[PDB]
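Below is one structure, written out as structure tokens; the observations come after it.
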Amino acid sequence: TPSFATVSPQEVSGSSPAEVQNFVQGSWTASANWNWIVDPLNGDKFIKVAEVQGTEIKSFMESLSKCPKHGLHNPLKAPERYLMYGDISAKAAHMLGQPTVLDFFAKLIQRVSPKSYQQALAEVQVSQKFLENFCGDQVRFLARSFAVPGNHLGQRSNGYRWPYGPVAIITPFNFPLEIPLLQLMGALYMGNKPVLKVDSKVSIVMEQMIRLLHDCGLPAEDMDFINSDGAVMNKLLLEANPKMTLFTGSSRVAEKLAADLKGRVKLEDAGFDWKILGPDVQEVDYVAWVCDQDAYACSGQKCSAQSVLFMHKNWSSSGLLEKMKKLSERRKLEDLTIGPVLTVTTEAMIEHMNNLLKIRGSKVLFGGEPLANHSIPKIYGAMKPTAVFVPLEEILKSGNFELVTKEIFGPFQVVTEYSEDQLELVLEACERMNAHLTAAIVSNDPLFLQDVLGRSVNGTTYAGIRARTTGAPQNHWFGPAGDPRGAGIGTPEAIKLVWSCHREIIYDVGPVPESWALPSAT
Amino acid sequence: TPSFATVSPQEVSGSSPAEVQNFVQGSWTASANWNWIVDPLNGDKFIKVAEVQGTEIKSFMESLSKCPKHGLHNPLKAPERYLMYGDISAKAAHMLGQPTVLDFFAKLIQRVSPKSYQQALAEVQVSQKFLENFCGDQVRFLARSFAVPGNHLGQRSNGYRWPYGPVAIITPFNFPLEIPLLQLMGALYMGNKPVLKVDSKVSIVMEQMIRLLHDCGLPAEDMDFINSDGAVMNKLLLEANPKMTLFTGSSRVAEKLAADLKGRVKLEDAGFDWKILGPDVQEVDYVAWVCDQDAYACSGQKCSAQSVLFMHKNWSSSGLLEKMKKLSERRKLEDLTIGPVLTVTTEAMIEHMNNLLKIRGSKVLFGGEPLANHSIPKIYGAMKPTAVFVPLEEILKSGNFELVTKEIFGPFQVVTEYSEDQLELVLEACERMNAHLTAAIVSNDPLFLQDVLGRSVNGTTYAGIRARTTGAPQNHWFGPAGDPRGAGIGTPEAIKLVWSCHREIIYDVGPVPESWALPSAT
Amino acid sequence: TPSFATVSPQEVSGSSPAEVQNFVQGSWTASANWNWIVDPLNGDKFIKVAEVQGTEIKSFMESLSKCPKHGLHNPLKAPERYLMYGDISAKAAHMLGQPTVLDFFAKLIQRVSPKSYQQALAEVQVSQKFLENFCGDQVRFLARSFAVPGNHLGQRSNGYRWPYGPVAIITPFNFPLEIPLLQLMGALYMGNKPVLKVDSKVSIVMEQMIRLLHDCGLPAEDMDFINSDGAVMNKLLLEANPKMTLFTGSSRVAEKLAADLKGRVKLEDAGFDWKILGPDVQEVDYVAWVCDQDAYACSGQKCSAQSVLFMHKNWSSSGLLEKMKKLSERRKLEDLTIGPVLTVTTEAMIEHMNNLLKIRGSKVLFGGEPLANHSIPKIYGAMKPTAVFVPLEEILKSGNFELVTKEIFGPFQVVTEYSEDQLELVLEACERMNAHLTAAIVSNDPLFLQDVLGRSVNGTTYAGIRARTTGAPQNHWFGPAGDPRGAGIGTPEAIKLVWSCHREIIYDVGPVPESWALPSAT
């Protein structure tokens, strides 16, 4: 295991448990009481987390209050800190790129947020590439400003990206590294001081990542790391009053926080993501593979996962559904191509399936049964990949729509069919949804693509015969649309939008014209 | 006729000839060295152009020398001039938008650069809309700068768009208003002082437009306007040493000036513009219409005109050629849908056709005969719209290729056919051309489009079943690619590229650090 | 020495000579005859260079002709090559950052282009940081394009950065690594295939750098490396007809090439760089140190070196000149804070000094004598740091001006004085210069700064009490202004301006309106 590590991903078990600590006011620290996380594969108490209680959050308040509203740095103050984070990112990117460190983080991710080794590796690879994008001067370049000449000699107006100062970051279980690391660095790049909270089930990953970052030069005083339940984190937000809060998680918590913080938030909330198949049937094998990966990689536990499939009638005879069935059935627990579902129980998923089956014309296409021969504790779901057909005309009906468009954060999707005359019904269904995260339009017809795109919203939409719903890398935006609170992640634009605000500084140095005379009052 | 005007477009004739003067050092000249321009439709000496002679360029040299290399203004000097040119632009845009003024310029363009009323009107409309793009603060916004934080407190680097100062603009006969106006305003916008030369055959249009610009507030000392033959203008360029020269015209003169001026030029030179038809045959009527307009509007006297058509074999049975033939034959002199060819004689075009007809397998598809019942002087061509088919495999042979790809600035195009297995031969043909101005790829197949687009160069390429080669408006770039001297026109980027250069200003105001001691010498 | 190295910088001597080879068509190759470079410190034949003759350049022509005008890659073709160069740059940046590799290149630079160890190290550090700026997706991001909606459904216009294809790079002796490496990578990033020529006196450095780059994944076929005299390189340019040529060197060769190539060039030519001291005297020690480093680091062999100093009269009593004298006299050969002058002999520098001393009121302030106790061959100069005062009023006179503003690529500067009433004379002198590279305005008075800046041109101007003329790093532009051929180096903007051109691609896919009917011809 690497030098910075305090845990061995393959060793940690009920008999060799690991602990996760907080970091506040520059040092690693425990708490009054520990909480046990169980191994999602067997129920072992294998990680204890130093969860802070509601009356031991003063140190985090005090640490945040040390950051003024003009930031740890800004384009005019301590600019050498932009260069430092270029260097930190370079050292960290080189560390994350080491095969043994890649494997360490991929394995650690697997133990807490169960997914296949390649899916866990992809999280580290995205993280590594993101850090490579902000080496050298590239953090400095995030603080690029513009200027425009004024109305007279000596006047020129400037637009800067100003930090917010004390901020908070809250991220969920399913991506224990990629989401928190990318928002953490973005916040630091623009000059904020963040407090980072990761779901206690998986926070061990970012804890190890923070130790690496400290070894790469991240200053002890620049950030804090808190482990707690949601209720304590809520109290800290209302007591510390951070100037910006990045929240990534369920839509229920996002709206509650948006109300509590009175909109001083950026949100990456839930998504009910759709894939539309166009009329031009082709590359059936490739499209089927993407459908299986979109819907069922990580057992569907992606905010970008394919939750509904609108099949054009031309695809009904293609063999696509048959290939999707076969592809779902080679997924298995032993390599975690199917696995524990950390936020939906098996009963909840079965009940949802049965509720859908009450609808006229509906039928299970494949799956619909629990996994067998496993030791997954009953708090976590264990389902075979499931797809349920529901006729399009029934979906559009009231009551049925809210049920059909309900997000199941597990390996579960709804499939439906539309004829050449029914594209409006499909677009009506997409417009009636409450979430606009990812989407895919599988067609190469430019008239079909531009029609669907122009009459849709989703903030990360893929278009083309190779279109997918999942796997947004760091080279382009990922985030919802249709919401002024919508957060992005990864790109320079996402960092600047989420972690800075506009400040206009207008210079007006003179000279006062020699012919100037006191005008009449106005 | 409008207030600013000194000529009536419908009344100028041999019995009532018009005078065109020069503008230098803030005054309209009174030169008597008339160059008599003949009416392209009947041969009347209907315009006397006061052309500057050898010794008379000293006034223009002196006027340009009054502008320093830091411009009439720049982002830090006399910035109120940016606002002034927004106001001039708004006033000129409103004047050009007046129906009687639109008509006046359309009809005047017709008299000197014979083309249909709608084509002439389109030139005024592009000019009017371009001026609308630079009202208010939009000239100010052209001088937008960027800045980056430095390595320490008090250091910040700035990137500005600096003028060149004294500059020159030379434009051809075919667009008497759009080209000179758009480059003139672009030069003035960025802080330069231009001398403008329009081809004497058509310079009456800019003369009137300059009078309009003066009525809208263009300062008398901000630009000069010279009429001369090419040899006199060449002498002025070598004597005045302008820091930038925008030249639009023939490739031969372009390369001569680029050598003479040692590359202190931006060029819009000739173009041998091509259209490729893809395999997906559709909208035959529309595609035939666009082909007819691309090739023969203004009798082909557009630098963007369609000079060769690569037909996919699938199009050979579509009726496309038959429709092109019918469409060409409704062009007539009465509305100037066919007309005088100001730079290529009838005999020259017939000779070129007969040279192409020596090649094996070639044929006249339509046209190939002079126009009848007209009084166009013999110095100007008068040809029916002409298309010569040449087999693709013959086109690619050496000797043939140079003849086939010779630009005929008249109503003439080459037509060829390629089978599904010969796209490489078409692309080799386009790559062996020396000019890369406009192009069209008539296809909605995205795999074909990206393949041809990825393996071509032309700076203004249209793609889609509605793709054309002509008619680039002010909302997007027009100009060649593949040349560091390539000029753009119309857009904010084109203006900044052609009429400004980068200047970096790095502020380093201190404080001299507490820790600073005199470092050892390096 | 590092693994990629074929030379030991500290070992190479007359008795242990090194050789420099060409790289063409994917392999290291010699030539018919070798030319010997002498050690600038003692005259030893210590490096033999495989200089190609005029009749052995066919392989370089053939290698360049393999690159089409649509590049080795472009935004639509082989885009994975953008990612590859992100990876290559990351591997190279990590290699250059290794202390032993830094020291290797710093020492090798010192042997061929003599300068202090810290100055040579600064070249490697700039190179290392530049490569760090283009890791991950940052090369991909250089190919960022924009788009604007069209006039109707299905129409949208796009502006891309297109490569030129086969290009050439020519760089001088004084920066054997920084200049060629940064332009080489810039050319490759945008999709060009360059042939790189470095002054044979120092080309050993880039030869070692290319071996490192090959170890980091630079494809064998992506670039060529030619060693030759200027005359052979001239023939190659006219025979291979590269689509773009980056030239950095003397103003004489730059203008000749700009004429031969008819302006298909970008130039980083000579500079006569000025420093103006404002009226507000302060930080005299700091200002003196910067004056000594600007004028005399590398013995003045920087295109950015301080060649003239306009002293405001307020500074005459500050002790500045006295400190400048003392600072110049602690420079010595043994640590190369003074040293060989590779392109100006001692006699030439003495003669220039004596020519200046013929001017009334002129006097040597310090220096003016050759170095002693050295073995520098007489082809190279060996002068003590020299500053000559010339009264401002005499400078402005004809004849005197051309002599005073003559660039001496050695440790030599002119000092003059201006009173509070004479700022116009200083600005007149700056406007009358023929080169506008670097400049410094040493003042914190914003009215003085904006007045001088607004009435000057130089493309890399520093302003503030800490203003300098030398040492432009990779985080901001370096390059001249006032020239459409002006090149930049280092920054993303510099790379895009120098190594790509605009291509506009306008999509127009339909639909053709159902109500469309063939309009009358225009």
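Following the order of the structure tokens, chains are lettered A, B, ..., residues in each are numbered from 1, and ligands are numbered from 1.
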
Please, which residues in chain A fall within 10 Å of chain B when counting only C-alpha atoms, and what is the closest atom pair and distance in Å to one decimal for each, ordered by chain then residue number, as JSON lines?
```
{"residue": "A:74", "atom": "CA", "partner": "B:149", "partner_atom": "CA", "distance": 8.9}
{"residue": "A:75", "atom": "CA", "partner": "B:149", "partner_atom": "CA", "distance": 5.6}
{"residue": "A:76", "atom": "CA", "partner": "B:153", "partner_atom": "CA", "distance": 6.8}
{"residue": "A:77", "atom": "CA", "partner": "B:153", "partner_atom": "CA", "distance": 6.2}
{"residue": "A:78", "atom": "CA", "partner": "B:153", "partner_atom": "CA", "distance": 6.1}
{"residue": "A:79", "atom": "CA", "partner": "B:152", "partner_atom": "CA", "distance": 5.6}
{"residue": "A:80", "atom": "CA", "partner": "B:151", "partner_atom": "CA", "distance": 5.2}
{"residue": "A:81", "atom": "CA", "partner": "B:151", "partner_atom": "CA", "distance": 8.8}
{"residue": "A:82", "atom": "CA", "partner": "B:149", "partner_atom": "CA", "distance": 8.5}
{"residue": "A:83", "atom": "CA", "partner": "B:151", "partner_atom": "CA", "distance": 7.3}
{"residue": "A:137", "atom": "CA", "partner": "B:148", "partner_atom": "CA", "distance": 9.8}
{"residue": "A:140", "atom": "CA", "partner": "B:149", "partner_atom": "CA", "distance": 6.5}
{"residue": "A:141", "atom": "CA", "partner": "B:148", "partner_atom": "CA", "distance": 6.4}
{"residue": "A:142", "atom": "CA", "partner": "B:148", "partner_atom": "CA", "distance": 8.6}
{"residue": "A:143", "atom": "CA", "partner": "B:148", "partner_atom": "CA", "distance": 6.5}
{"residue": "A:144", "atom": "CA", "partner": "B:148", "partner_atom": "CA", "distance": 4.7}
{"residue": "A:145", "atom": "CA", "partner": "B:147", "partner_atom": "CA", "distance": 5.0}
{"residue": "A:146", "atom": "CA", "partner": "B:146", "partner_atom": "CA", "distance": 4.1}
{"residue": "A:147", "atom": "CA", "partner": "B:145", "partner_atom": "CA", "distance": 4.9}
{"residue": "A:148", "atom": "CA", "partner": "B:144", "partner_atom": "CA", "distance": 4.7}
{"residue": "A:149", "atom": "CA", "partner": "B:75", "partner_atom": "CA", "distance": 5.5}
{"residue": "A:150", "atom": "CA", "partner": "B:79", "partner_atom": "CA", "distance": 6.5}
{"residue": "A:151", "atom": "CA", "partner": "B:80", "partner_atom": "CA", "distance": 5.2}
{"residue": "A:152", "atom": "CA", "partner": "B:80", "partner_atom": "CA", "distance": 5.5}
{"residue": "A:153", "atom": "CA", "partner": "B:78", "partner_atom": "CA", "distance": 6.1}
{"residue": "A:154", "atom": "CA", "partner": "B:76", "partner_atom": "CA", "distance": 7.4}
{"residue": "A:155", "atom": "CA", "partner": "B:76", "partner_atom": "CA", "distance": 8.4}
{"residue": "A:156", "atom": "CA", "partner": "B:76", "partner_atom": "CA", "distance": 8.2}
{"residue": "A:157", "atom": "CA", "partner": "B:144", "partner_atom": "CA", "distance": 9.8}
{"residue": "A:158", "atom": "CA", "partner": "B:146", "partner_atom": "CA", "distance": 8.9}
{"residue": "A:159", "atom": "CA", "partner": "B:146", "partner_atom": "CA", "distance": 9.3}
{"residue": "A:160", "atom": "CA", "partner": "B:147", "partner_atom": "CA", "distance": 9.2}
{"residue": "A:444", "atom": "CA", "partner": "B:446", "partner_atom": "CA", "distance": 7.0}
{"residue": "A:445", "atom": "CA", "partner": "B:445", "partner_atom": "CA", "distance": 7.7}
{"residue": "A:446", "atom": "CA", "partner": "B:444", "partner_atom": "CA", "distance": 6.9}
{"residue": "A:447", "atom": "CA", "partner": "B:444", "partner_atom": "CA", "distance": 8.8}
{"residue": "A:464", "atom": "CA", "partner": "B:446", "partner_atom": "CA", "distance": 9.4}
```

Go ahead and save the residues from that selection, with N, CA and C atoms, as an mmCIF file, in the first residue's frame.
```cif
data_model
loop_
_atom_site.group_PDB
_atom_site.id
_atom_site.type_symbol
_atom_site.label_atom_id
_atom_site.label_comp_id
_atom_site.auth_asym_id
_atom_site.auth_seq_id
_atom_site.Cartn_x
_atom_site.Cartn_y
_atom_site.Cartn_z
ATOM 1 N N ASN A 74 -7.432 35.671 -4.081
ATOM 2 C CA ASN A 74 -8.294 36.125 -5.162
ATOM 3 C C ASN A 74 -7.385 36.709 -6.238
ATOM 4 N N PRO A 75 -7.906 37.136 -7.397
ATOM 5 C CA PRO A 75 -7.006 37.617 -8.460
ATOM 6 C C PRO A 75 -6.084 38.757 -8.054
ATOM 7 N N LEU A 76 -6.344 39.447 -6.943
ATOM 8 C CA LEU A 76 -5.504 40.559 -6.516
ATOM 9 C C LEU A 76 -4.764 40.310 -5.209
ATOM 10 N N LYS A 77 -5.047 39.210 -4.513
ATOM 11 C CA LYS A 77 -4.489 38.961 -3.189
ATOM 12 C C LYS A 77 -3.886 37.566 -3.133
ATOM 13 N N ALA A 78 -2.657 37.476 -2.622
ATOM 14 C CA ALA A 78 -1.903 36.229 -2.548
ATOM 15 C C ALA A 78 -1.986 35.408 -3.839
ATOM 16 N N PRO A 79 -1.730 36.019 -5.003
ATOM 17 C CA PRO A 79 -1.891 35.278 -6.267
ATOM 18 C C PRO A 79 -0.956 34.096 -6.390
ATOM 19 N N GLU A 80 0.142 34.082 -5.628
ATOM 20 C CA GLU A 80 1.055 32.947 -5.652
ATOM 21 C C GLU A 80 0.372 31.659 -5.210
ATOM 22 N N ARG A 81 -0.791 31.755 -4.557
ATOM 23 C CA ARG A 81 -1.534 30.558 -4.180
ATOM 24 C C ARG A 81 -2.142 29.863 -5.393
ATOM 25 N N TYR A 82 -2.450 30.611 -6.459
ATOM 26 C CA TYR A 82 -2.844 29.971 -7.712
ATOM 27 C C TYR A 82 -1.731 29.074 -8.233
ATOM 28 N N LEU A 83 -0.485 29.549 -8.159
ATOM 29 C CA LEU A 83 0.647 28.754 -8.624
ATOM 30 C C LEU A 83 0.862 27.530 -7.748
ATOM 31 N N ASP A 137 0.260 26.699 -14.833
ATOM 32 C CA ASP A 137 -0.461 27.962 -14.738
ATOM 33 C C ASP A 137 -1.972 27.805 -14.860
ATOM 34 N N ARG A 140 -4.043 29.415 -12.109
ATOM 35 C CA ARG A 140 -3.881 30.836 -12.378
ATOM 36 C C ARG A 140 -4.802 31.291 -13.509
ATOM 37 N N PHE A 141 -4.865 30.503 -14.588
ATOM 38 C CA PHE A 141 -5.691 30.854 -15.736
ATOM 39 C C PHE A 141 -7.183 30.809 -15.427
ATOM 40 N N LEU A 142 -7.599 30.060 -14.400
ATOM 41 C CA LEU A 142 -9.000 30.096 -13.990
ATOM 42 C C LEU A 142 -9.390 31.478 -13.485
ATOM 43 N N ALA A 143 -8.432 32.222 -12.933
ATOM 44 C CA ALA A 143 -8.653 33.582 -12.459
ATOM 45 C C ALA A 143 -8.431 34.627 -13.546
ATOM 46 N N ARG A 144 -8.412 34.213 -14.812
ATOM 47 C CA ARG A 144 -8.414 35.155 -15.922
ATOM 48 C C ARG A 144 -9.583 36.122 -15.782
ATOM 49 N N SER A 145 -9.316 37.395 -16.046
ATOM 50 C CA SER A 145 -10.319 38.446 -16.016
ATOM 51 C C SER A 145 -10.379 39.122 -17.379
ATOM 52 N N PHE A 146 -11.447 39.880 -17.612
ATOM 53 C CA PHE A 146 -11.554 40.685 -18.818
ATOM 54 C C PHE A 146 -11.639 42.158 -18.440
ATOM 55 N N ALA A 147 -11.430 43.015 -19.436
ATOM 56 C CA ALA A 147 -11.524 44.450 -19.226
ATOM 57 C C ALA A 147 -12.051 45.096 -20.496
ATOM 58 N N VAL A 148 -12.683 46.252 -20.319
ATOM 59 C CA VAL A 148 -13.272 47.017 -21.414
ATOM 60 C C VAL A 148 -12.874 48.476 -21.212
ATOM 61 N N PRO A 149 -12.503 49.212 -22.263
ATOM 62 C CA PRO A 149 -12.164 50.629 -22.077
ATOM 63 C C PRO A 149 -13.362 51.436 -21.597
ATOM 64 N N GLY A 150 -13.082 52.445 -20.778
ATOM 65 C CA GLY A 150 -14.108 53.317 -20.251
ATOM 66 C C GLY A 150 -14.478 54.427 -21.219
ATOM 67 N N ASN A 151 -15.191 55.420 -20.683
ATOM 68 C CA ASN A 151 -15.726 56.510 -21.490
ATOM 69 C C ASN A 151 -14.722 57.627 -21.739
ATOM 70 N N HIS A 152 -13.578 57.610 -21.063
ATOM 71 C CA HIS A 152 -12.617 58.699 -21.146
ATOM 72 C C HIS A 152 -11.282 58.198 -20.616
ATOM 73 N N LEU A 153 -10.243 58.995 -20.857
ATOM 74 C CA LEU A 153 -8.901 58.666 -20.396
ATOM 75 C C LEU A 153 -8.905 58.350 -18.907
ATOM 76 N N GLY A 154 -8.229 57.267 -18.537
ATOM 77 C CA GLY A 154 -8.122 56.881 -17.148
ATOM 78 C C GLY A 154 -9.220 55.979 -16.636
ATOM 79 N N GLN A 155 -10.230 55.681 -17.446
ATOM 80 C CA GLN A 155 -11.333 54.829 -17.023
ATOM 81 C C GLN A 155 -11.304 53.522 -17.802
ATOM 82 N N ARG A 156 -11.346 52.406 -17.078
ATOM 83 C CA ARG A 156 -11.435 51.080 -17.670
ATOM 84 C C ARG A 156 -12.098 50.171 -16.647
ATOM 85 N N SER A 157 -13.027 49.337 -17.102
ATOM 86 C CA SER A 157 -13.784 48.461 -16.218
ATOM 87 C C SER A 157 -13.305 47.023 -16.361
ATOM 88 N N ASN A 158 -13.243 46.311 -15.235
ATOM 89 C CA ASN A 158 -12.677 44.972 -15.178
ATOM 90 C C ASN A 158 -13.667 44.006 -14.546
ATOM 91 N N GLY A 159 -13.748 42.801 -15.105
ATOM 92 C CA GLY A 159 -14.567 41.758 -14.521
ATOM 93 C C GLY A 159 -13.748 40.590 -14.011
ATOM 94 N N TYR A 160 -13.814 40.322 -12.709
ATOM 95 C CA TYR A 160 -13.013 39.287 -12.075
ATOM 96 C C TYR A 160 -13.890 38.134 -11.604
ATOM 97 N N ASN A 444 -28.536 9.026 -35.961
ATOM 98 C CA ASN A 444 -27.625 9.858 -36.738
ATOM 99 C C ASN A 444 -28.351 10.770 -37.714
ATOM 100 N N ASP A 445 -29.677 10.722 -37.739
ATOM 101 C CA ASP A 445 -30.523 11.600 -38.540
ATOM 102 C C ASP A 445 -30.460 13.023 -37.997
ATOM 103 N N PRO A 446 -29.880 13.981 -38.725
ATOM 104 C CA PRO A 446 -29.748 15.340 -38.169
ATOM 105 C C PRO A 446 -31.073 16.056 -37.957
ATOM 106 N N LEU A 447 -32.090 15.766 -38.772
ATOM 107 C CA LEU A 447 -33.392 16.397 -38.572
ATOM 108 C C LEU A 447 -34.076 15.862 -37.320
ATOM 109 N N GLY A 464 -26.322 10.888 -31.207
ATOM 110 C CA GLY A 464 -25.581 10.115 -32.182
ATOM 111 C C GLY A 464 -25.867 8.645 -31.987
#
```

What residues in region 174-385 of chain B get the DSSP label strand (DSSP E or B)? Please answer as a VMD selection string.
chain B and resid 193 to 198 224 to 225 244 to 248 266 to 268 273 to 277 306 to 312 341 363 to 366 370 381 383

If you keep C-alpha atoms, can you produce a file of those selected residues as an mmCIF file, in the first residue's frame?
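New file again_32.cif:
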```cif
data_model
loop_
_atom_site.group_PDB
_atom_site.id
_atom_site.type_symbol
_atom_site.label_atom_id
_atom_site.label_comp_id
_atom_site.auth_asym_id
_atom_site.auth_seq_id
_atom_site.Cartn_x
_atom_site.Cartn_y
_atom_site.Cartn_z
ATOM 1 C CA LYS B 193 -6.238 55.433 -40.004
ATOM 2 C CA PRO B 194 -6.994 53.868 -43.403
ATOM 3 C CA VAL B 195 -6.570 55.001 -46.974
ATOM 4 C CA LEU B 196 -9.183 53.209 -49.072
ATOM 5 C CA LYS B 197 -8.867 52.320 -52.755
ATOM 6 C CA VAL B 198 -11.802 50.760 -54.617
ATOM 7 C CA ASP B 224 -8.576 58.915 -46.993
ATOM 8 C CA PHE B 225 -10.105 57.729 -50.262
ATOM 9 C CA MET B 244 -1.073 46.840 -42.476
ATOM 10 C CA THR B 245 -2.697 46.458 -45.881
ATOM 11 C CA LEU B 246 -5.954 44.609 -46.541
ATOM 12 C CA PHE B 247 -6.068 43.470 -50.161
ATOM 13 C CA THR B 248 -9.069 41.843 -51.840
ATOM 14 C CA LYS B 266 -4.009 40.410 -45.051
ATOM 15 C CA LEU B 267 -5.424 38.827 -48.175
ATOM 16 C CA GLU B 268 -8.783 37.834 -49.615
ATOM 17 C CA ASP B 273 -14.614 26.935 -54.916
ATOM 18 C CA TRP B 274 -16.053 23.430 -55.100
ATOM 19 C CA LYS B 275 -19.301 21.661 -54.273
ATOM 20 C CA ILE B 276 -19.406 17.946 -53.436
ATOM 21 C CA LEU B 277 -22.692 16.068 -53.681
ATOM 22 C CA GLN B 306 -19.321 27.546 -57.646
ATOM 23 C CA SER B 307 -16.574 26.699 -60.151
ATOM 24 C CA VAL B 308 -16.622 22.883 -59.945
ATOM 25 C CA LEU B 309 -19.277 20.330 -58.972
ATOM 26 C CA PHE B 310 -18.253 16.816 -57.902
ATOM 27 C CA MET B 311 -21.382 14.742 -58.560
ATOM 28 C CA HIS B 312 -21.760 11.453 -56.736
ATOM 29 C CA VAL B 341 -18.305 39.975 -67.242
ATOM 30 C CA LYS B 363 -18.819 17.679 -73.164
ATOM 31 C CA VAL B 364 -20.728 20.942 -72.939
ATOM 32 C CA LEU B 365 -23.672 20.267 -70.635
ATOM 33 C CA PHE B 366 -25.353 23.609 -71.331
ATOM 34 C CA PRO B 370 -22.216 34.127 -76.218
ATOM 35 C CA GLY B 381 -17.577 39.198 -71.508
ATOM 36 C CA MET B 383 -21.746 34.584 -72.092
#
```

Surrounding residues of residue 406 (chain A) excluding itself and chain neighbours under 4 positions, 10 Å, only C-alpha atoms, as number ranges by chain:
A: 271-272, 307, 352, 400-402, 433-434

Residues flagged alpha helix (DSSP H) by DSSP in region 146-280 of chain C, as number ranges by chain:
C: 178-189, 204-215, 230-240, 251-260

Skipping near chain neighbours, those fewer than 5 positions away, what residues fall within 9 Å of region 95-97 of chain B using only C-alpha atoms, listed as a JSON list (two decimals) with N, CA, C and O atoms, in the first residue's frame?
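Result saved to around12.json:
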```json
[["chain", "number", "residue", "atom", "x", "y", "z"],
["B", 90, "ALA", "N", -24.54, 53.53, -35.66],
["B", 90, "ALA", "CA", -25.99, 53.55, -35.49],
["B", 90, "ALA", "C", -26.64, 54.52, -36.48],
["B", 90, "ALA", "O", -27.67, 54.20, -37.08],
["B", 102, "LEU", "N", -31.67, 52.32, -49.40],
["B", 102, "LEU", "CA", -31.43, 50.97, -49.88],
["B", 102, "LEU", "C", -31.53, 50.91, -51.40],
["B", 102, "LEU", "O", -30.67, 50.33, -52.07],
["B", 105, "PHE", "N", -28.57, 52.76, -53.32],
["B", 105, "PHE", "CA", -27.31, 52.03, -53.39],
["B", 105, "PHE", "C", -27.43, 50.77, -54.23],
["B", 105, "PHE", "O", -26.49, 50.42, -54.96],
["B", 124, "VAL", "N", -26.41, 45.79, -49.94],
["B", 124, "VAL", "CA", -26.74, 46.88, -49.02],
["B", 124, "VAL", "C", -27.26, 46.33, -47.70],
["B", 124, "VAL", "O", -27.02, 46.91, -46.64],
["B", 125, "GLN", "N", -27.98, 45.20, -47.74],
["B", 125, "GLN", "CA", -28.57, 44.65, -46.53],
["B", 125, "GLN", "C", -27.50, 44.08, -45.60],
["B", 125, "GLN", "O", -27.54, 44.31, -44.39],
["B", 127, "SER", "N", -24.47, 45.12, -45.53],
["B", 127, "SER", "CA", -23.80, 46.31, -45.03],
["B", 127, "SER", "C", -24.61, 46.97, -43.92],
["B", 127, "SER", "O", -24.05, 47.37, -42.89],
["B", 128, "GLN", "N", -25.93, 47.10, -44.11],
["B", 128, "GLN", "CA", -26.78, 47.70, -43.09],
["B", 128, "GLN", "C", -26.76, 46.88, -41.81],
["B", 128, "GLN", "O", -26.63, 47.43, -40.71],
["B", 129, "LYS", "N", -26.87, 45.56, -41.94],
["B", 129, "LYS", "CA", -26.92, 44.69, -40.76],
["B", 129, "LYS", "C", -25.57, 44.66, -40.04],
["B", 129, "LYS", "O", -25.53, 44.58, -38.81],
["B", 212, "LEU", "N", -22.21, 59.65, -47.07],
["B", 212, "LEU", "CA", -23.18, 59.26, -46.05],
["B", 212, "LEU", "C", -22.51, 59.11, -44.69],
["B", 212, "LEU", "O", -23.03, 59.58, -43.67],
["B", 216, "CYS", "N", -23.02, 61.14, -41.04],
["B", 216, "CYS", "CA", -23.31, 60.43, -39.80],
["B", 216, "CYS", "C", -22.25, 60.64, -38.73],
["B", 216, "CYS", "O", -22.39, 60.10, -37.63]]
```

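If you look at CA of residue 437 (chain C) and CA of residue 481 (chain C), they are 6.7 Å away from each other.
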